[PDB]
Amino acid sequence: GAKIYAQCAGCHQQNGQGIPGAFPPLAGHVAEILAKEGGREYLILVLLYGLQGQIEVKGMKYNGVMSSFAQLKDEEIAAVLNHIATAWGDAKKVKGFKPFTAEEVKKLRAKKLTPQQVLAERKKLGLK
(Lines of atoms letter the chains of each structure in order from A and count residues from 1; the text may use other names and numbers.)
(Lines give C-alpha, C1' and ligand atoms only; values in the text may rest on other atoms or scores of the structure.)
Protein backbone atom coordinates (compact mmCIF):
# COMPACT_ATOMS: atom_id res chain seq x y z
CA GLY A 1 0.00 0.00 0.00
CA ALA A 2 2.78 2.55 -0.67
CA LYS A 3 4.87 0.01 -2.46
CA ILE A 4 2.01 0.27 -5.06
CA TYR A 5 2.25 4.08 -5.26
CA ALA A 6 5.77 3.17 -6.04
CA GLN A 7 5.11 0.75 -8.98
CA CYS A 8 5.08 3.81 -11.27
CA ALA A 9 7.72 6.31 -10.20
CA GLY A 10 6.81 9.89 -11.21
CA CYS A 11 3.39 11.31 -12.09
CA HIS A 12 2.46 12.62 -8.65
CA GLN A 13 6.07 12.17 -7.31
CA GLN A 14 7.45 10.41 -4.22
CA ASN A 15 6.40 13.65 -2.27
CA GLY A 16 2.74 14.08 -3.13
CA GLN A 17 3.69 17.47 -4.54
CA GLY A 18 3.67 15.15 -7.50
CA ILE A 19 5.12 17.54 -9.96
CA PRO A 20 3.09 20.67 -10.34
CA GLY A 21 2.75 21.88 -13.84
CA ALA A 22 1.59 18.53 -15.09
CA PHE A 23 0.20 16.45 -12.28
CA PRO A 24 -1.69 18.06 -9.51
CA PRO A 25 -0.70 18.17 -5.85
CA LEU A 26 -2.09 15.11 -4.16
CA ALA A 27 -0.06 16.76 -1.41
CA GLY A 28 -2.52 17.67 1.30
CA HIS A 29 -4.93 18.47 -1.60
CA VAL A 30 -6.08 15.02 -0.97
CA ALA A 31 -7.72 16.30 2.21
CA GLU A 32 -9.80 19.01 0.58
CA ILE A 33 -11.09 16.35 -1.69
CA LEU A 34 -11.39 14.00 1.20
CA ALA A 35 -13.39 16.47 3.21
CA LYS A 36 -16.36 17.28 0.88
CA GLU A 37 -18.45 14.13 1.03
CA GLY A 38 -18.27 11.62 -1.69
CA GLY A 39 -14.70 12.88 -2.14
CA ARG A 40 -13.34 9.62 -0.75
CA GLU A 41 -15.77 8.20 -3.55
CA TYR A 42 -14.35 10.67 -6.14
CA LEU A 43 -10.87 9.46 -5.21
CA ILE A 44 -11.79 5.63 -5.44
CA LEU A 45 -13.17 6.56 -8.75
CA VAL A 46 -10.17 8.12 -10.28
CA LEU A 47 -7.87 5.09 -10.11
CA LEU A 48 -10.59 2.72 -11.27
CA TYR A 49 -11.91 4.83 -14.11
CA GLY A 50 -9.49 7.47 -15.04
CA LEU A 51 -10.06 11.19 -15.21
CA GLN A 52 -9.50 13.86 -17.76
CA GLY A 53 -10.67 17.32 -18.65
CA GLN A 54 -9.01 20.66 -17.76
CA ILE A 55 -9.45 21.30 -14.09
CA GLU A 56 -8.10 23.73 -11.50
CA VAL A 57 -6.49 22.64 -8.31
CA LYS A 58 -5.05 25.16 -6.00
CA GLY A 59 -5.48 27.60 -8.77
CA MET A 60 -2.79 26.32 -11.06
CA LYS A 61 -4.93 24.43 -13.58
CA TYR A 62 -4.25 21.20 -15.29
CA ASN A 63 -5.77 19.58 -18.22
CA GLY A 64 -4.03 16.31 -18.74
CA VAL A 65 -5.03 12.73 -18.81
CA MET A 66 -4.53 10.18 -16.02
CA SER A 67 -5.23 6.61 -16.56
CA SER A 68 -7.11 4.20 -14.35
CA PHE A 69 -5.48 1.21 -13.10
CA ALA A 70 -8.82 -0.52 -12.20
CA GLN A 71 -6.78 -3.67 -12.25
CA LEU A 72 -5.40 -3.60 -8.83
CA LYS A 73 -7.85 -5.67 -6.87
CA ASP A 74 -10.26 -3.69 -4.62
CA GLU A 75 -7.54 -4.63 -2.26
CA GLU A 76 -4.47 -3.35 -4.19
CA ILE A 77 -6.32 0.00 -4.46
CA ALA A 78 -8.08 0.30 -1.08
CA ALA A 79 -4.55 1.09 0.26
CA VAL A 80 -2.44 3.19 -2.07
CA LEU A 81 -5.09 5.70 -1.04
CA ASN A 82 -5.24 5.79 2.75
CA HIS A 83 -1.61 5.96 1.72
CA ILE A 84 -2.02 9.07 -0.23
CA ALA A 85 -4.56 10.16 2.29
CA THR A 86 -2.11 9.93 5.23
CA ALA A 87 1.44 9.43 3.97
CA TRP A 88 2.12 13.25 3.87
CA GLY A 89 -0.35 14.24 6.63
CA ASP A 90 -3.99 14.38 5.74
CA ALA A 91 -5.86 11.76 7.71
CA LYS A 92 -4.65 14.54 9.99
CA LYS A 93 -6.14 17.86 9.04
CA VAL A 94 -9.35 15.99 8.07
CA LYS A 95 -11.62 14.69 10.79
CA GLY A 96 -11.08 11.05 11.92
CA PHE A 97 -12.33 9.79 8.58
CA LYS A 98 -13.18 6.21 8.25
CA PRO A 99 -10.27 4.67 6.30
CA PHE A 100 -10.71 3.03 2.83
CA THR A 101 -11.88 -0.62 2.13
CA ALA A 102 -12.15 -3.22 -0.59
CA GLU A 103 -15.82 -4.03 -0.69
CA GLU A 104 -16.35 -0.32 -1.39
CA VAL A 105 -13.86 -0.71 -4.02
CA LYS A 106 -15.68 -3.49 -5.87
CA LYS A 107 -18.85 -1.67 -4.73
CA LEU A 108 -17.87 0.71 -7.53
CA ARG A 109 -16.47 -1.49 -10.30
CA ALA A 110 -20.23 -1.46 -10.85
CA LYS A 111 -20.35 2.15 -11.73
CA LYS A 112 -18.15 0.97 -14.75
CA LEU A 113 -17.64 4.65 -15.79
CA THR A 114 -15.44 6.93 -17.86
CA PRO A 115 -12.60 9.47 -17.83
CA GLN A 116 -15.15 12.09 -18.42
CA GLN A 117 -17.91 10.45 -16.51
CA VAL A 118 -15.40 10.78 -13.81
CA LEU A 119 -14.69 14.27 -14.17
CA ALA A 120 -18.41 14.89 -13.94
CA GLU A 121 -18.35 13.58 -10.43
CA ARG A 122 -15.45 15.89 -9.62
CA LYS A 123 -17.75 18.65 -10.83
CA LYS A 124 -20.44 17.61 -8.33
CA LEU A 125 -18.18 18.67 -5.44
CA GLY A 126 -16.75 22.05 -6.59
CA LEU A 127 -14.31 23.92 -4.26
CA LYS A 128 -13.51 26.75 -1.78
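All residue numbers refer to positions in the sequence shown, first residue = 1. Note that the rigid core is defined as the largest set of C-alphas that superpose within 1.5 Å between two forms.
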Next on the checklist: To spell it out: superpose each other structure in 4 other deposited structures of this protein onto this one by the rigid core, compute Cα RMS over structures and residues for 46 to 54 and for 89 to 97. Which is larger?
Outcome noted: 89 to 97
Checklist entry - Which stretch is more displaced from the shown form in 4 other deposited structures of this protein, 18 to 26 or 116 to 124, with RMS over structures and residues of Cα positions after a rigid core fit? => result 18 to 26
Next on the checklist: Test of understanding: from the entry's C-alpha B-factors, which stretch has the higher mean, 29 to 37 or 89 to 97?
Outcome noted: 89 to 97
Item to check | Higher-scoring stretch by recorded Cα B factor average, 67 to 75 or 44 to 52 | outcome: 67 to 75
Checklist entry - Which third of the chain holds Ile19 when residues are ordered by C-alpha B factor: lowest, middle or highest? => result middle
Next on the checklist: Split into thirds by Cα B-factor across the chain's modelled residues, where does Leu108 land: lowest, middle or highest?
Outcome noted: highest
Checklist entry - Would the CA B-factor of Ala102 place it in the lowest, middle or highest third of its chain? => result highest
